[PDB]
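Here the protein sequences come in this chain order: A and B.
For the first sequence, the positions run 431 to 1078 when this note's numbering is used.
For the second sequence, the positions run 20 to 742 when this note's numbering is used.
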Amino acid sequence: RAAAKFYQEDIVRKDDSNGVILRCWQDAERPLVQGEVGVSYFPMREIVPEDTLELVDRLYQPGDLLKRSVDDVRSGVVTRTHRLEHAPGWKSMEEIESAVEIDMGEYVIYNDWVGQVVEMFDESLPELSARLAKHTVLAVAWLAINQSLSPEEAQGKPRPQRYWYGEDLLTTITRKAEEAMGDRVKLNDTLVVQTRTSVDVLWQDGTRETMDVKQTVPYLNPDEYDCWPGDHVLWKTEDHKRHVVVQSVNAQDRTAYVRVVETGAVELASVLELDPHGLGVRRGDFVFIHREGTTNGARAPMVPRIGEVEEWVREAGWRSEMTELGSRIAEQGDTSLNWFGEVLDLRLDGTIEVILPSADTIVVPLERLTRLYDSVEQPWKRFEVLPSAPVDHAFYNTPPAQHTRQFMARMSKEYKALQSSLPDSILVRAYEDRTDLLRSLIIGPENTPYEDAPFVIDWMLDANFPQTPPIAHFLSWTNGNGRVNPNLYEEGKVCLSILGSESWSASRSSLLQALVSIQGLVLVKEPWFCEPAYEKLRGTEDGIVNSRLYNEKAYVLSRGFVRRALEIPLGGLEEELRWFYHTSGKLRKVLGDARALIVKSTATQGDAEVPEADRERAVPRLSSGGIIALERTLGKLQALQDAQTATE
Amino acid sequence: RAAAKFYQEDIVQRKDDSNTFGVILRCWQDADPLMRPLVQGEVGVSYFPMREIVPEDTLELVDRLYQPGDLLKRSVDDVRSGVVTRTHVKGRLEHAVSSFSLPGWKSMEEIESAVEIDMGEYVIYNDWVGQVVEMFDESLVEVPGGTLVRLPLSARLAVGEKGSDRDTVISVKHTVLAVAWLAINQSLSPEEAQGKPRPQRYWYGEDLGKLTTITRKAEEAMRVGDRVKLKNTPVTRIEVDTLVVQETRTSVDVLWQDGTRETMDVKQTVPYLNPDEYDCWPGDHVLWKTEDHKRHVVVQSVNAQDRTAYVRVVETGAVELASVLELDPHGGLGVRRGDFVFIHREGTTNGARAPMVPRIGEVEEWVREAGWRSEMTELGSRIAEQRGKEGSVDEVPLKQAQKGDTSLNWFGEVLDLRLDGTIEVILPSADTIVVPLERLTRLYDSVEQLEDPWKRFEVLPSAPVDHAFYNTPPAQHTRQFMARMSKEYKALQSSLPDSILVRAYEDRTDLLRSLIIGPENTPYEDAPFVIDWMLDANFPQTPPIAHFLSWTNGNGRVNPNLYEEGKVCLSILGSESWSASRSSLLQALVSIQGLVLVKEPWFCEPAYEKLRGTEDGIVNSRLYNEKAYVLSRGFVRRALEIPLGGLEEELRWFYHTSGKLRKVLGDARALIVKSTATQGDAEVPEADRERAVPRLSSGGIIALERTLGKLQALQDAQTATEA
């Protein structure tokens, strides 16, 4: 047990009466300890434990996710966000206006174009680089054009002025998430803020209730299948990928009620069979508005981006010309702007509510929008040497590298090193006609979500091997839902340091140590922590729920590997797979242990008290929502065993 | 120019003190303060019985080392080469420990070898063959004052020492012999194969008499310093009848390429170190690419001047002329002189296809370990302590060495390659047999295994299907990959020469395609060279993967660094090694054009880099530029016959629209006429020097005319489409 107290970007009150914001905690990319967080009090930055500071206010935004506690499976989305040094009491969010004229990166509008300010030139008491708390010169990098026009009108409007100064500066676009946030704002000559916040929360089960931020906890690491009411997701049944709109989600049962938009009816769906991820329209995204009849130019709910910054932004030349112009300066309602706006709210009836710059909220369909892309942040032998390489190999149709003369010396050593310490769970097959291609098969360890599951990797050695690491292509036998492991990509890339902390070296690294690393580091009991951004939460209390929701996902997709392994034939491993699953009786174990696991889950259908004896079991209890998808794979796994028993 | 004499491994003599002889180990331009780099006209030499590096002018030739199977010429300027078929050696002798020179020169027919066996020799037990890899030999040493004291170790000792002062070795007795067995007799049936086991690892004592020594006739050529003995004839002291060769005089029987034979003095000849890939000799089995079917022929004669050869098709039995550029020999692919082979049973074949030679060697892993020698050292010390007392057996130094007609006629040495395709093989029984090539199987020795409209850059929409890496699984790269390629795409559009074209793709940015036009006055003049590129998963930290589309046939490569299998050989592709900081993708393109496509591409091989303009490499240079020219014109055919995805109209603008196809056909037919007029003249014209290819040989015109016929029909169909 190791609960986390303070989270990033909120405000914290240790000793004296008259706070601070913290930029570090248990989540780290100065290393921290099991209970200390970074901090930076400023009216210096120290590293104090969490036992000293106290919470005063937490910062949320319309679109962020939170829970009542880190153990509560139910999550919610924020819909709206609700003492100051003069350099009586408080002041509401509507009793103070931001006197900050222009900020770095704020969107502007001119003609029918839209851009962002990349550089500024303030002059107070010199003019340079800004970042001080009167801007004079602004450098705009115009992005896209208004999507509400005709090609004759589109080609007319060109790229406007790249530098703005003097009397030419208009339409300043505000964000409904940047208001009421150390800012400089007055109204009855400046006032600086030093706050109380409450957020209107929309829970997953449809319930909406407003609460204080001191009781809530941010949900920074959501599950890939987590959705919220109003979101446009994709219902991926094995028959077809249908478009549905989420209405309610029962995170405890891992089920959801979605409206099939082609049918208009609400049907119960398994959350594991919903693939939201980008596709949709998140709350707070700036989007264009097309015209009636005209669409987004896209297909089923997948609004496109329209960002297109010029190249002169990626340089650090142009700064000398902008600085020379700025130095010469100090010496001597309603409108037609209805084609742009940010996402305000997502209605349950599949309609998106857009707020125009003229404070005019409008409701538009998803197909009439276009997302904005700003600058942003951019019989069981372990080893054998088979004669011919299989045609189903990933690199069979890949030009073979020539290597050198001493390459066969290392391969002779690797072949022995494999045959020496290869466990009976990992199988390797080499080919003489293709000395550059290898194929491995790793059986999932015991008491893991990958228990008794096949994992085939096709290998290729570069012309510089062993100086270069072996190129591994993982055969991900998923139906396009997600990755069976955070490191094992669906595209085939195996994400490890051994195949690239340490690296690959011909002096220490080897093919044997790489295979046992994949079985030892990747295929573990809690594979959710294999993601590098989650490894800092080993056994911590705030990483318990996410490990359960992932081990369940890994256990369901692991059985799908047994489906494809017994369906499509693996070249050189066909007889090896039948000896394991059909001869030694492993398919009966996979079907049997899953059947007993489904039965034990229907007993404790309403009981949330996991038995203390079932602890450390990789997947102790099933969700009854993920069981819905497991019965589909088991139904095909049972049908293959039916044809096997009928053969004899 | 820069002539070079004194090739490695012969015998020389200083201009002064004409009593000392040299061993000449380090030769000028080959690859402690000694073993340093040597400059133009400097050779290293050790002296029998004080190493120094002296200029070549100070020393003087005495004798030269030639073995049956080696190649030689009268001079480096001569195009016609030959092969040594027999080596006669006469030498002066001197007692090893008495230092008494016997008067008169003696032949190898009246002397024998003093050492019974040495390292690397072959031995046969049961029906197995093995090689001695390590020896434990306890020897005697004559102390300063009497005392023939014994000494136990690691071989490498012979009769005659130099230091615990100036002591003389009186005897060298090999006790334990570590034999690395290779394979068994290939004539025995598979049932009898398991009945014969892999013999012991160590051999000593009374077990030595069961072995069978195999003497190599190619090594029986008497060398300087060898420990030899006169056949029944100075004894000095235990008797010590061991002599040391003072100097030698070698005469060789040569088989020239033109079928003629003559005996020469080795002082007149010059060893043919690096021969052309197409160099054949009478009696050799080669492949002939006549059209679309490689045939089995036996070389009868070779005209090295006209670069043609008379071959005998074994399938038909007729003798036909063939261009030496069309022959594709040596791939091993034929039995050479001095090689050891396994005579198969009557009827049984080599198991391989058209003239191929099966390999035999199977060096056990204990030979490469590092160990078992500690057990051999403890074994040799145990032998010495017990050899004096009772219950111990030693010596028995027989090891067969048969001279009658024993059943050892299943494994022998290749003596001569007859013109009728048959191979003369000498058995250990000192009797020769004639056998076809199919009945033989070469022995892979253990020492052999241990040693071995135009634009410049346009981002095309889609990558074509003819791309080499179109079927490869794409990687994922890093985040800062498109930013790196943006700088790479900018660097290409910055300083790309008009002779190199690069086309990237949008549907998958990990693949690129390049095309280089060979510079003027090069064997690649106005020729297409397309390389398919793929970016690695760790790019740019890792070098880019380049696959050269070698449109050659099964003859050879268009360049020593451009393999027929696509591998481009350059240190810049992982010069300096690949670097993500300094090195870029652009400089990898201009280096391939600037370094791989030069005027004399034969020197692109790093081994031949030390030969630049020297009178040695002048012949092999023009021999290679001729091939590089014929294969370059063949690339124009493969570039217009099939289209290249992306370069579809870029090729038509350059060859058909810009008229470079008539430029290639015009320049080629001009070289045909100039080669016909200068034909016969052994000397190269003066005004035609500094030209990449001044002349084409008679055989070089043959292979080029076949490409010109297909290059003319493409010009015919182009001029016929004027409707």
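Virtual Cβ for every residue (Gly too), placed ideally from N, Cα, C.
A/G1056: first and last residue of the uninterrupted alpha helix (DSSP H) it sits in: Here residue 1056 of chain A corresponds to residue number 626 of the first sequence, with the count starting at 1. From DSSP, the alpha helix (DSSP H) with A/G1056 extends over 1056 to 1077.
A/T1034 to A/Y880 span [Cα, whole Å]: By 1-based counting over the first sequence, the position of residue 1034 of chain A is 604. By 1-based counting over the first sequence, the position of residue 880 of chain A is 450. So the two alpha carbons sit approximately 24 Å from each other.
Neighbour-count burial assignment, B/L170, 16 or more Cβ in a 10 Å radius: Residue numbering aside, residue 170 of chain B sits at position 151 when the second sequence is read from its first letter. Exposed: under 16 other Cβ atoms inside 10 Å.
Cβ pair A/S578, A/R721 closer than 8 Å: Translated into the one-based positions of the first sequence, residue 578 of chain A becomes position 148. Translated into the one-based positions of the first sequence, residue 721 of chain A becomes position 291. Yes, the Cβ-Cβ distance between A/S578 and A/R721 is below 8 Å.
Nearest to residue 1088 of chain A (by Cα), restricted to the options A/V467, A/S559, A/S447, A/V992: In the structure as shown, chain A begins at 431 and stops at 1078. Residue 1088 of chain A is therefore absent and cannot be evaluated.
CA-to-CA distance, B/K181 to B/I130, given in whole angstroms: For the purposes of this step, residue 130 of chain B is taken as residue 111 along the second sequence, with counting starting at 1. For the purposes of this step, residue 181 of chain B is taken as residue 162 along the second sequence, with counting starting at 1. Cα to Cα, the separation comes out at about 26 Å.
Beta-bridge pairing of B/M283 - partner residues as DSSP gives them: For the purposes of this step, residue 283 of chain B is identified with residue 264 of the second sequence, where counting begins at 1. Answer is B/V271, bridged to B/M283.
Minimum Cβ-Cβ distance from A/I901 to chain B less than 8 Å: The residue labelled residue 901 of chain A in the question sits at position 471 within the first sequence. So, interface residue.
Own chain, CB closer than 7 Å to A/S818, minus 5 neighbours either side, in chain order: Here residue 818 of chain A refers to the residue found at position 388 when the first sequence is read from its first residue. Closer than 7 Å at the Cβ level, and outside the excluded window around A/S818, lie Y861, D863.
Contacts of B/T561 in chain A (Cβ-Cβ under 7 Å): Stepping through the second sequence from its first residue, residue 561 of chain B is reached at position 542. For a Cβ distance threshold of 7 Å, residue set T898 of chain A lies close to B/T561, ordered along the chain.
Contact list for A/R835 against chain B, beta-carbon separation under 8 Å: Along the first sequence, one-based indexing puts residue 835 of chain A at 405. Here the neighbours are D471.
Residue from A/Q677, A/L462, A/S700 whose Cα sits closest to the Cα of A/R689: Taking the first sequence and counting its residues from 1, the one referred to as residue 689 of chain A is at position 259. Nearest option by C-alpha distance: A/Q677.
B/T571 at chain A interface by Cβ criterion, 8 Å: In the second sequence, the residue the question calls residue 571 of chain B occupies position 552. No Cβ of chain A is located within less than 8 Å of the beta carbon of B/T571.
Continuous beta strand (DSSP E) stretch holding A/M550: start and end: Your numbering for residue 550 of chain A matches position 120 in the first sequence. Start and end: 543 to 552.
Per DSSP, cross-strand counterpart(s) of B/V103: Residue mapping note: residue 103 of chain B aligns to position 84 of the second sequence, counting from 1. According to DSSP, which records beta bridges pairwise, B/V103 is partnered with B/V273.
Exposure of B/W222, with buried meaning 16 or more beta-carbon neighbours within 10 Å: The count along the second sequence starts at 1 and reaches residue 222 of chain B at position 203. With 16 or more other Cβ atoms within 10 Å, it is buried.
Of the listed residues B/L614, B/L227, B/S518, B/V638, nearest to B/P416 (C-alpha basis): For the purposes of this step, residue 416 of chain B is identified with residue 397 of the second sequence, where counting begins at 1. Ranking B/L614, B/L227, B/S518, B/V638 by Cα distance to B/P416 puts B/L227 first.
Within chain B, partners of A/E921 - CB distance below 7 Å: Within the first sequence, numbered from 1, the residue matching residue 921 of chain A stands at position 491. Correct list: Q495.
For A/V701, the three-state DSSP class (helix, strand or coil): Residue mapping note: residue 701 of chain A aligns to position 271 of the first sequence, counting from 1. Three-state result, A/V701: helix.
For A/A847 and A/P896, the rounded distance between their alpha carbons: The residue given as residue 896 of chain A occupies position 466 in the first sequence. The residue given as residue 847 of chain A occupies position 417 in the first sequence. Distance between the alpha carbons of A/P896 and A/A847 is about 15 Å.
Pairwise C-alpha distance: A/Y985 and A/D854: Within the first sequence, numbered from 1, the residue matching residue 854 of chain A stands at position 424. Within the first sequence, numbered from 1, the residue matching residue 985 of chain A stands at position 555. Each residue's Cα considered, the two are about 22 Å apart.
Neighbour flag for A/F895 against chain B, beta carbons, 8 Å: One-based indexing of the first sequence puts residue 895 of chain A at position 465. No, A/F895 lies away from the interface with chain B (no Cβ there is under 8 Å from its Cβ).
Integer-rounded CB distance, given that A/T627 should sit under 8 Å from A/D487: Start at 1 with the first residue of the first sequence, and residue 487 of chain A comes out as number 57. Start at 1 with the first residue of the first sequence, and residue 627 of chain A comes out as number 197. The Cβ separation is near 5 Å, so the contact holds.
B/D35, buried or exposed, once every other Cβ within 10 Å from all chains shown has been counted against 16: Translated into the one-based positions of the second sequence, residue 35 of chain B becomes position 16. Exposed, since its Cβ has fewer than 16 Cβ neighbours within 10 Å.
Cβ pair B/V243, B/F430 closer than 8 Å: Indexing the second sequence from 1 puts residue 243 of chain B at position 224. Indexing the second sequence from 1 puts residue 430 of chain B at position 411. Not in contact: B/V243 and B/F430 (Cβ atoms no closer than 8 Å).
Inter-residue CB distance, B/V64 and B/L44 (contact presumed, cutoff 8 Å): Here residue 64 of chain B is taken as the residue at index 45 of the second sequence, counted from 1. Here residue 44 of chain B is taken as the residue at index 25 of the second sequence, counted from 1. About 7 Å separates the two Cβ atoms, so the contact holds.
Same chain, Cβ closer than 8 Å to B/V273, neighbours up to 5 away in sequence not counted: Taking the first residue of the second sequence as position 1, residue 273 of chain B is located at position 254. Cβ within range, chain order: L91, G101, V102, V103, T104, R280, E281, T282, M283, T288.
Interface flag, B/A487 vs chain A, CB-CB below 8 Å: Sequence index remark: in the second sequence, residue 487 of chain B carries index 468 (1-based). It does: the Cβ of B/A487 has a partner Cβ on chain A nearer than 8 Å.
Spatially closest choice to A/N448 from A/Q624, A/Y540, A/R460, by CA coordinates: Position 18 of the first sequence, counting from 1, holds the residue named residue 448 of chain A. Here the closest residue by C-alpha is A/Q624.
Backbone CA spacing between B/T460 and B/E339 [nearest angstrom]: Stepping through the second sequence from its first residue, residue 460 of chain B is reached at position 441. Stepping through the second sequence from its first residue, residue 339 of chain B is reached at position 320. Computed Cα separation, rounded: 28 Å.
N-terminal and C-terminal residue of the alpha helix (DSSP H) that B/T695 is part of: The count along the second sequence starts at 1 and reaches residue 695 of chain B at position 676. Looking at the DSSP string, the run of the alpha helix (DSSP H) that includes B/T695 is 679 to 696.
Reduced DSSP category for B/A21 - H, G, I as helix; E, B as strand; rest coil: Against the second sequence, residue 21 of chain B aligns to sequence position 2. Secondary structure of B/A21 (DSSP, three-state): coil.
Simplified DSSP state of B/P620, which is helix, strand or coil: Here residue 620 of chain B is taken as the residue at index 601 of the second sequence, counted from 1. Looking at B/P620 - three-state DSSP - the assignment turns out to be helix.
Cα-Cα separation, A/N576 to A/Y803: Along the first sequence, one-based indexing puts residue 576 of chain A at 146. Along the first sequence, one-based indexing puts residue 803 of chain A at 373. Roughly 14 Å between the two C-alpha positions.
Contacts of A/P473 in chain B (Cβ-Cβ under 7 Å): For the purposes of this step, residue 473 of chain A is taken as residue 43 along the first sequence, with counting starting at 1. By Cβ distance, chain B contributes nothing, its closest Cβ being about 38 Å from A/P473, past 7 Å.
Proximal residues to A/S851 (C-beta, below 7 Å), its chain only, five neighbours per side dropped: Counting from 1 along the first sequence, the entry for residue 851 of chain A is found at position 421. Contacts found: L942.
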